[PDB]
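Visitor: Dropping a structure here in structure tokens format, bear with me for questions.
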Amino acid sequence: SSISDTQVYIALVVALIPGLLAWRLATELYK
Amino acid sequence: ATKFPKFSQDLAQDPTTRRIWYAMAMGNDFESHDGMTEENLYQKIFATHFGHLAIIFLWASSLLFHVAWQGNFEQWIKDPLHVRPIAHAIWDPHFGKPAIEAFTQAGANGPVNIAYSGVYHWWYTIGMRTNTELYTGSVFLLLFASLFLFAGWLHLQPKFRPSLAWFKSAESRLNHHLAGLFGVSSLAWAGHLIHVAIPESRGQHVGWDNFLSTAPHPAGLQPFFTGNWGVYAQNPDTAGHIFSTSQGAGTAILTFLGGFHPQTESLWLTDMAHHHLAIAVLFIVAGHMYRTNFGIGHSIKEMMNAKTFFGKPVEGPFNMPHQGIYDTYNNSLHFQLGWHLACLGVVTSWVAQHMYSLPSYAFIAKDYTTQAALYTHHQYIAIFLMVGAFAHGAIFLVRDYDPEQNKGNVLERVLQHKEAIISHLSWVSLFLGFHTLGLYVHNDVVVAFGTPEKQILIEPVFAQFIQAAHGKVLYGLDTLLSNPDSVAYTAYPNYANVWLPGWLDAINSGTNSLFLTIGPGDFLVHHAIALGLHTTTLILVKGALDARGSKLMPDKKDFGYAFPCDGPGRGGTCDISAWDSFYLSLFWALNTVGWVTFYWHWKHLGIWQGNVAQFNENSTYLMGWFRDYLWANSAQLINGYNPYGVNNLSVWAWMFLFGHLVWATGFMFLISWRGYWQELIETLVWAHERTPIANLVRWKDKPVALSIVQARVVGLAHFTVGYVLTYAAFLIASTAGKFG
Amino acid sequence: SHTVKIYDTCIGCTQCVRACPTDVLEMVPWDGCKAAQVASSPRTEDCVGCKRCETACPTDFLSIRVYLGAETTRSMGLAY
Amino acid sequence: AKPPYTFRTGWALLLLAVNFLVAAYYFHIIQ
Amino acid sequence: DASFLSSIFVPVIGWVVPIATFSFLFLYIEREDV
Amino acid sequence: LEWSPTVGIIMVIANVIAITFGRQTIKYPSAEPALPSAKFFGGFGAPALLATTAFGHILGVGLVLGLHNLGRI
Ligand code: CLA
Ligand code: CLA
Ligand code: CLA
Ligand code: CLA
Ligand SMILES: CC1=C(/C=C/C(C)=C/C=C/C(C)=C/C=C/C=C(C)/C=C/C=C(C)/C=C/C2=C(C)CCCC2(C)C)C(C)(C)CCC1
Ligand code: SF4
Ligand code: SF4
């Protein structure tokens, strides 16, 4: 039916990349 | 200072709970931050632009991910008319078993929400067919948002912070926006349509696996360079075409057919490809106008300051003084922000007005709740953007305007007669209001007294003429495109109006929203709309033009944009600031979009049932509105839960009551004012300091009542959240309960 | 604290000093008016911002103005 | 200045003439 | 069969993120260092 | 892949792209044996010239084999 478990796990691992970049940008905008 | 908020030493030394609220409400006002220069202002804004843009792309990634992982998109492909789209899944431990049963819908395994944003129709129209394609879209948007997040981090670094000269180079940014961001992006969307969306509509799979192999047209790029461009319009799709299948499928990639596709009841994909190609060429041509590093082009500043018209002296362009208007635009961020919010709000209204009339997504014209939610969504977004446009015009006039650099130009001339403008807006608003309310009350009384033939019913003969000028034969006027003998019909010297047969086929069928038939109820509600627009403009324009000073308060610019009042003296000065005209106008804007969305919904809800006579007979008096639209349509909403059980409309019933509650909570902040609550909180502070064991703990920052401006904020935010959520619950539940 | 500033159109009728509930204002010697006196605001840290002085002022728009600024315990008028 | 007001009434008469042109199409005088 | 992720992420978003976020923000707005 | 003048013109186009990059970003393009013209060549040495055309043959062979593998040429 839907996408697999591997694709959801890969998407979460990829979403860690804008999470880290967003943390750096939000801290830079404050700095 | 030495404590939060860091950008305000004045707030950081506040000993009360007001410190927290004003720190929140001044966090994005970068100009009022301490130690803020202009270069650091522009650099910080550029970085927040990138971060905001990343928030948008992560949001679109979310849409694709939840449809791919939890929706029914592949099942929705084979039947877009009878399958309900899925937004996402529900995981809520508060649901009882009847609720879990009630939301297990649309052929899903568990409880789900139905999507009403039309993302299935849009993704299906532009060529997506599987859940993996939605997945790769969402992961691509995750990396694309990563790209913008890194760019916003990188342009805060010392080597990569742009200069203040770079930000104020306006001609280069206009050339690049018109040429690239509009023109190349429209050209690339035409490339997508021709390469992917049209072959997928004709049954052919085109992906990243095989697009370099597949030619879109069998004569690929040979007739483009030879100039035989008419080859790409030959063999269009037939009227027997079925979308996503090969039967009835042509080979043309750039047509000029006009009208709607017969099955999907939406615009032709080849017309949309040809559209984006044409305006791509035209926006790229526009993006070569202005002067940059290469010598040729226009200096906009020389165009503003120009004082001779072919050797004849003038005041300026159109004999109008524009000296300093370039610097007024370019040096003020609030002038630019109000101007962009005005243009973007007009574009947002124009999008809403064209997506119901001329739908472009396959099978969305039969999804009624989607059409309703999308119209109402964009009209609400548009009234918010227009209110922000005039709000930033007022902030410009307070903070950034000087009359010395604008001496003698057109903006100073507008300021010189501002009482004439405000008084004439006042006259037009009163003149519309008295007579529109008077005709409504006349019709109400004469229909109440058993004599509905005594109504004042006025045909909208001018807008009916415009519909007859487009080829609508129903009125019988026999004018420009409804007259076959006319020069506008035949296009006499060239006969090249290729669009016209499909256009008249689309406008003369009564089975769509393309120039709906209008009557006296349409007349009365349009004058209600003109009242709403003129009165909202009156409040906004008055508060912009009196922002710097009035006769009641001549030094109003010395207090800023948002301040409570000027005290009890001179009669009393409640709501005197320019921020208060924002506040007063947001009510009129919500009221206005309430009138236009009531009218849209009730006319279309008469359309979708084959009973147009309900709107045509009952919209001329206000009890007909109050009875046949509000009372009658809310029944299946308010039975979303009842003593007998629950169904799938119970969230909309709970949200309907929720929105009433939040709206009514707003009245508390708008009616009760501060000193009542300050005297109350003082006795509470007494009781906490006198109560044993509770004496062990207390506040670090002193409880005070909310400020006057903060109260207007919190009240208006409640009013508008309740307004939106109530109408959303009613709109969605009434349409989705009557039409699935 | 709030900022209270006195402009030169003062006529020295002393009504702002009388209206003031927190003793911000006082009258000082001067020579620019017939009454030979202006109002002066040395104790603006006691100013709560209630603008009774602006209510009391008789000149056409206000020889005295209060500009609301940062909030303290005194300017907010807290007994706690 | 300009007691005949010749420039602003040129454009006003032009807009009024375009208005009479649309009205002439409305009453089927010009077809 | 990744539908079990909801019973992790929805309690995290609803309880863990508000407690950690409001604890950080409370101790930050009461701090006197910066 | 039968030889056609499309293969010839894509080899010439790759040679022109490579001599364009070789004029734009070679650190030392003027070696000791210079070209006799040095005005239609932009100012080169003969080794920089045949370096650019050899890299144009790298690019051209890669292009025409890739486009034959797709189905274009
Ligand atoms: C070709 C070069 C190029 C390109 C592509 C861009 C692109 C952009 N610049 Mg940029 N810029 C350039 C050169 C360029 N710039 C140059 C040379 C300079 C120096 C003078 C600047 C200086 C500059 C500044 C200082 C800023 C930007 C900003 C922006 C962004 C605008 C916000 C946005 O998302 O617009 C997107 C807009 C569109 C895609 C089109 C307009 C939208 C229309 C109205 C909608 C209608 C179209 C259609 C119906 C939509 C279909 C709907 C369907 C998809 C659902 C955008 C990404 C801002 C930004 O965000 O910074 C990050 C900003 O602050 N630019
Ligand atoms: C491109 C759009 C844009 C941009 C960049 C700005 C930017 C700005 N505006 Mg502005 N504005 C806009 C659109 C925009 N506005 C629109 C559309 C309106 C009309 C509504 C306004 C009306 C407006 C006013 C009236 C004022 C500003 C101000 C400001 C400045 C500071 C904002 C700030 O700190 O607020 C801080 C942000 C917050 C406190 C967050 C409030 C969040 C709201 C209430 C929504 C929250 C409701 C809730 C979450 C709903 C969900 C509940 C749930 C139960 C459903 C900043 C320059 C202020 C300023 O400094 O001017 C001098 C000011 O007084 N703007
Ligand atoms: C049949 C019932 C009816 C009723 C009860 C009203 C009631 C009203 N009308 Mg109305 N009106 C009607 C029919 C009716 N009208 C019709 C059929 C027309 C079409 C010609 C108008 C056109 C009309 C106009 C144009 C105006 C009103 C105005 C008014 C209000 C004040 C009237 C008045 O005498 O003030 C006492 C009079 C004065 C205080 C000053 C004199 C102003 C008068 C109305 C105009 C004189 C100017 C002169 C003749 C040039 C006219 C210019 C015009 C063509 C633009 C009042 C609510 C006024 C209004 O709404 O203003 C907000 C207004 O300006 N009405
Ligand atoms: C049903 C609610 C309602 C009504 C009718 C009005 C009516 C009006 N508002 Mg409004 N307003 C409202 C709610 C409402 N407001 C709310 C909730 C807010 C938010 C605070 C505002 C904020 C607001 C602002 C900020 C502004 C207005 C303006 C106006 C005027 C617009 C012009 C017009 O329509 O003239 C026609 C007038 C009417 C339709 C109303 C009165 C007509 C009656 C029926 C006359 C007959 C009386 C009759 C003799 C019976 C009396 C019996 C008595 C003798 C006992 C008008 C007086 C603008 C204004 O004053 O423009 C000059 C303006 O600037 N209003
Ligand atoms: C129909 C048609 C047509 C026409 C069109 C037109 C002509 C249109 C127009 C339109 C328009 C024409 C629109 C308008 C709009 C406007 C607006 C929307 C405005 C706004 C404004 C603002 C908001 C302002 C603000 C400010 C202030 C207040 C102060 C200072 C600053 C500023 C300036 C910013 C054509 C021919 C094509 C064809 C056929 C159809
Ligand atoms: S605002 Fe109040 S305390 Fe301050 S000077 Fe005026 S009357 Fe006195
Ligand atoms: S009331 Fe005004 S004019 Fe009179 S003494 Fe006070 S400041 Fe001066």
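Numbers run from 1 along the shown chain.
Cβ from N, Cα, C; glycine included.
Checked Swiss-Prot, it gives:
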- B:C565, B:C574: [4Fe-4S] cluster binding site (BINDING)
- B:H660: chlorophyll a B1 binding site (BINDING)
- B:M668, B:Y676: chlorophyll a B3 binding site (BINDING)
- B:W677: phylloquinone binding site (BINDING)
- B:45-68: transmembrane segment (TRANSMEM)
- B:134-157: transmembrane segment (TRANSMEM)
- B:174-198: transmembrane segment (TRANSMEM)
- B:272-290: transmembrane segment (TRANSMEM)
- B:333-356: transmembrane segment (TRANSMEM)
- B:372-398: transmembrane segment (TRANSMEM)
- B:420-442: transmembrane segment (TRANSMEM)
- B:523-541: transmembrane segment (TRANSMEM)
- B:581-602: transmembrane segment (TRANSMEM)
- B:649-671: transmembrane segment (TRANSMEM)
- B:713-733: transmembrane segment (TRANSMEM)
Visitor: Using DSSP and three states only, what is B:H660 (chlorophyll a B1 binding site)?
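Guide: The three-state answer is helix.
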Visitor: Can you name the residues of this chain that are 6 or more positions from B:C574 ([4Fe-4S] cluster binding site) yet have a C-beta less than 8 Å from its C-beta?
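Guide: Correct list: B:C565.
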Visitor: Under a criterion of three or more Cβ pairs within a distance under 8 Å and sequence separation of at least 6, are the transmembrane segment (B:581-602) and the transmembrane segment (B:372-398) in contact?
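Guide: In contact, yes.
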Visitor: What whole-number Å value do you get for the CA-CA distance of B:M668 (chlorophyll a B3 binding site) and B:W677 (phylloquinone binding site)?
Guide: 11
Visitor: A 10 Å Cβ contact count, applied to the binding-site residues B:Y676, B:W677: which residue has the minimum?
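Guide: Minimum Cβ neighbour count within 10 Å, taken over the binding-site residues B:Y676, B:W677, occurs at B:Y676.
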Visitor: At the level of the C-alpha atoms, what whole-angstrom distance separates B:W677 (phylloquinone binding site) and B:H660 (chlorophyll a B1 binding site)?
Guide: 24
Visitor: Using a 10 Å cut-off on CB atoms, tell me which of the binding-site residues B:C565, B:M668 is the least crowded.
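Guide: Across B:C565, B:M668, these binding-site residues, the one with fewest Cβ atoms within 10 Å is B:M668.
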Visitor: Under DSSP, is B:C565 ([4Fe-4S] cluster binding site) helix, strand or coil?
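Guide: DSSP assigns B:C565 ([4Fe-4S] cluster binding site) to coil.
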Visitor: Restricting to the same chain and to residues at least six past its boundaries, which positions have a Cβ under 8 Å from a Cβ of the transmembrane segment (B:272-290)?
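Guide: Distal contacts: 171-172, 174-180, 182-184, 186-187, 189-190, 193-194, 197-198, 253-256, 297-300, 360.
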Visitor: What parts of the chain pack near the transmembrane segment (B:649-671), using Cβ distances under 8 Å and only residues at least 6 beyond its ends?
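Guide: Hits for the transmembrane segment (B:649-671): 99, 102, 636-641, 706, 711-712, 714-719, 721-730, 732-733, 736-737.
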Visitor: Once near-sequence residues are set aside, which residues in the chain of B:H660 (chlorophyll a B1 binding site), 6 or more away, have Cβ atoms under 8 Å from its Cβ?
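Guide: Correct list: B:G722, B:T726.
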